[PDB]
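Neighbour counts are summed over all protein chains in view; Cβ atoms, including those assigned to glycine, are modelled from backbone coordinates with ideal geometry. Any read-out appearing in this document is the output of simple, stated calculations on the displayed coordinates, not a laboratory observation.
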Amino acid sequence: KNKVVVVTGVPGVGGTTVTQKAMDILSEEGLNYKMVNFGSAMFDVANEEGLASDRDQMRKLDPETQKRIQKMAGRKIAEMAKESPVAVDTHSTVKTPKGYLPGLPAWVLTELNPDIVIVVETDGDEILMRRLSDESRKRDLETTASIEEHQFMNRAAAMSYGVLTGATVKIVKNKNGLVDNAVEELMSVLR
Amino acid sequence: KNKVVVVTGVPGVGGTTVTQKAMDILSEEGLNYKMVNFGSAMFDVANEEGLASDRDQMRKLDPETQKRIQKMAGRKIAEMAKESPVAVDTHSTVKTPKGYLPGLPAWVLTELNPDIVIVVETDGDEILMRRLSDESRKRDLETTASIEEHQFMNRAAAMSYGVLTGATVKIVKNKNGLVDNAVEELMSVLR
Amino acid sequence: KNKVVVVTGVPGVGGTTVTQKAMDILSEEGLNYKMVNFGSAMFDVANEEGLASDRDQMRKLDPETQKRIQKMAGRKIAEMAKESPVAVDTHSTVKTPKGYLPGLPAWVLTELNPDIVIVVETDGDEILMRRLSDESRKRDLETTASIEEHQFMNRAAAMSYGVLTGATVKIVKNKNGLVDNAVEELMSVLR
Ligand SMILES: Nc1ncnc2c1ncn2[C@@H]1O[C@H](COP(=O)(O)OP(=O)(O)OP(=O)(O)OP(=O)(O)OP(=O)(O)OC[C@H]2O[C@@H](n3cnc4c(N)ncnc43)[C@H](O)[C@@H]2O)[C@@H](O)[C@H]1O
Ligand SMILES: Nc1ncnc2c1ncn2[C@@H]1O[C@H](COP(=O)(O)OP(=O)(O)OP(=O)(O)OP(=O)(O)OP(=O)(O)OC[C@H]2O[C@@H](n3cnc4c(N)ncnc43)[C@H](O)[C@@H]2O)[C@@H](O)[C@H]1O
Ligand SMILES: Nc1ncnc2c1ncn2[C@@H]1O[C@H](COP(=O)(O)OP(=O)(O)OP(=O)(O)OP(=O)(O)OP(=O)(O)OC[C@H]2O[C@@H](n3cnc4c(N)ncnc43)[C@H](O)[C@@H]2O)[C@@H](O)[C@H]1O
């Protein structure tokens, strides 16, 4: 009976790093989590079917386009749970033109059946500051207000995921320099 | 079924207007939706049963089966949608005296399944102020701390709806004097 | 219809005394709702098994063991509600090292089928003093910010519950020295 952890965040919050750096310290101790990336789940199956041209042209497609390739990673990742403790790096909601789209709607929530959901946070100002220094990608650097509104809906969604699955919801805080503090807490929650 | 859109917001925030005005402009575009005030769609159930008269003793009505009424109206709109894209002017939660009442309960929610939920928001001060100008209704005059509260719990409903039904949650701001901007927001989300 | 009322408030807020007082008055005027305390109930399930020596340290167990016990207690009360209306005393979310474990997952909400979910609230300054002036316990005395984060997620928990069960979500304030505003406002919705 293995453990599925969901690590959610707004872009540029550092969900991924904190996760990766968390499993590495764990690997050496005994606990070999997976590093699935729920977004890339659907991008191994996307250029493969001609909907994007990279990993930043997927949330500029229509609602009916993404919501097919979702319920598929849903059990495809669930499969991987019949092998090892998973850590599904995903998004509580998704910023799109149509509005906040749930990153794990009920049908994906049953398929995955999480034991813990985690909402990595920080200020919009710090998030924004981080979005700029990351040469590795393109960030909206939108206003603080939109960050907070997102981070607000991310909580109400995270909590519903906990209601529906019984998953406990952890809120990790991740400050500049203090990223070590987010790992270790993601660790006490992972162990 | 088809494309179904639910448009919500506390009394006074002007969600009804934003909806009519959009579908006025939409009707001249050769695409045709459907105004439906969930409120009166369920008034037809009222007198046909003689349970209360007013459209007031229905959030103030005997709480057994306020839900009965609520239930039926929600699947009546159901078929109203296979036929045409629908737009449902309603509320996320209804501030009855037993607390907030979820406009779209689990059942009605499934019995409808919108592809979009829309949350219309503005300051308590302005909401309050529009209520003074709504002479069309026998309005109440509540505090702002409590308007803000209700808009809180609304967003939460609204997001629990999204998850349960894969629908996108859009928060559309509708400030004083700027009716048309929210109209443009509603619309480009309907397309 | 037999009436299941749920009442929640972070530890320290006064959910218990609120419901206590609310019933004396009700019991000395006809309806004694059954006074039932979710944690008292499930403690009795744990001590008997040895998993807990004190009621206090059950939330420091593992989530999954907490959910087990929790589920047994949810169905102990379910049979309690076949034969008398029950104001059940519980929590929107429990605070654990692994985050906010819900207080009524979907399967538990199904069990009780509450009609009203009530949230008791107040400032985290006021609560922190209630926690110090309470001999009957051994409180851990946490940060203000951590109380509002819990009281936040509580609201989204308790809102989730409304959308699933169709219960009404009543929010109720218990300030210092004003213990009897809560009692009376509870009854007013309790009867
Ligand atoms: N389940 C779902 N359903 C439907 N669609 C889904 C979905 N899940 C994903 N998608 C789709 O997938 C696409 C991809 O998502 P998108 O958000 O665009 O990229 P991502 O794969 O999800 O990664 P992030 O954007 O979240 O970057 P990150 O900050 O979280 O991680 P990291 O810390 O390593 O990023 C680098 C950051 O590290 C942080 N960092 C690095 N060094 C430091 C430091 N020294 N101090 C503090 N922070 C640091 C910085 O903030 C830096 O920016 C989206 O279009 C989305 O629509
Ligand atoms: N889901 C469901 N379940 C259970 N019950 C349900 C239900 N759905 C509905 N009901 C029931 O239906 C009943 C009421 O019907 P319903 O119409 O659904 O709710 P309501 O309380 O009566 O809503 P209002 O008409 O008062 O507010 P509004 O913002 O929609 O009105 P308007 O667009 O005119 O805006 C207000 C005024 O401000 C003006 N205004 C001024 N400036 C602006 C501007 N800047 N933008 C927009 N409007 C402006 C507008 O012109 C207008 O005059 C309730 O009892 C409720 O129980
Ligand atoms: N659904 C679920 N799922 C999984 N686990 C669950 C669960 N539900 C419960 N649990 C578990 O069960 C346990 C729950 O224990 P629980 O039953 O919840 O604790 P308790 O013994 O009742 O006391 P609390 O710590 O809960 O404080 P309270 O404020 O709620 O009650 P009170 O008003 O009397 O506090 C009284 C004190 O506050 C003060 N006070 C009250 N009102 C006022 C007033 N207005 N002015 C001044 N002081 C006041 C007085 O000083 C008094 O001393 C947890 O460990 C958890 O594991």
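Data for the structure
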{"quantity": "Members of segment C:18-37 found to be surrounded by 18 or more Cβ atoms within 10 Å (Cβ to Cβ) and touching a residue at least 60 places away in the same chain (Cβ under 8 Å), listed by number", "calculated": "C:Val18, C:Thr19, C:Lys21, C:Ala22, C:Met23, C:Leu26, C:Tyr33"}
{"quantity": "Considering residues of segment B:77-122 that are closer than 20 Å to C:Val117 by Cα and part of a loop (DSSP other than H, G, I, E, B) only, the residue farthest from the other protein chains (Cβ to nearest Cβ)", "calculated": "B:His91"}
{"quantity": "Selection within segment B:176-186 - surrounded by 13 or more Cβ atoms within 10 Å (Cβ to Cβ) and either within 16 Å of ligand 3 (Cβ to nearest atom) or farther than 14 Å from B:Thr16 by Cα (or both)", "calculated": "B:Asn176, B:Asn181, B:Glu184, B:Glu185"}
{"quantity": "In segment A:148-187, residue farthest from the other protein chains (Cβ to nearest Cβ) [restricted to those that are hydrophobic (A, V, I, L, M, F, W, C) and in a loop (DSSP other than H, G, I, E, B)]", "calculated": "A:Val179"}
{"quantity": "Identity of the residue in segment B:1-58, outside any loop (DSSP other than H, G, I, E, B), polar (S, T, N, Q) and within 26 Å of B:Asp115 (Cβ to Cβ), that ends up farthest from ligand 1 (Cβ to nearest atom)", "calculated": "B:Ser40"}
{"quantity": "Residue under evaluation C:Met58, criteria (1) surrounded by 13 or more Cβ atoms within 10 Å (Cβ to Cβ); (2) in contact with a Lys or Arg (Cβ under 9 Å, 6 or more places away or on another chain); (3) away from chain A (no Cβ under 14 Å), criterion not met", "calculated": "(2)"}
{"quantity": "Any hit, segment A:128-145, residues being in a loop (DSSP other than H, G, I, E, B) and within 12 Å of another protein chain (Cβ to nearest Cβ)", "calculated": "no"}
{"quantity": "Lone qualifier among C:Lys95, C:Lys138, C:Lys82, C:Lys170 - being of a type in the set (D, E, K, R) and under 18 Å from C:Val18 (Cα atoms)", "calculated": "C:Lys170"}
{"quantity": "Candidates B:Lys67, B:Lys60, filtered to the one that is in contact (Cβ under 8 Å) with a residue 12 or more places away in the chain and out of contact with any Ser or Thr (no Cβ under 8 Å at 6 or more places or on another chain)", "calculated": "B:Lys67"}
{"quantity": "Residue, farthest from the chain's Cα centre (by Cα), within segment C:59-70, restricted to residues that are more than 9 Å from ligand 3 (Cβ to nearest atom), of a type outside the set (S, T, N, Q) and not in a loop (DSSP other than H, G, I, E, B)", "calculated": "C:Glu64"}
{"quantity": "Members of segment C:38-57 that are without any contact (Cβ under 8 Å) to a residue 60 or more places away in the chain and of a type in the set (D, E, K, R)", "calculated": "C:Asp44, C:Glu48, C:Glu49, C:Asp54, C:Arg55"}
{"quantity": "Test: residue in segment B:171-181 that is under 28 Å from A:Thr110 (Cα atoms) and under 17 Å from the mean Cα position of the chain (by Cα)", "calculated": "yes"}
{"quantity": "Residue in segment B:136-144 that is on the phi < 0 side of the Ramachandran plot, crowded, with 24+ Cβ neighbours inside 10 Å and in contact (Cβ under 8 Å) with a residue 24 or more places away in the chain present", "calculated": "no"}
{"quantity": "Subset of segment A:52-86 [in contact with a strand residue (DSSP E or B) (Cβ under 7 Å, 6 or more places away or on another chain) and over 14 Å from A:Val36 (Cβ atoms)]", "calculated": "A:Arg59, A:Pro63"}
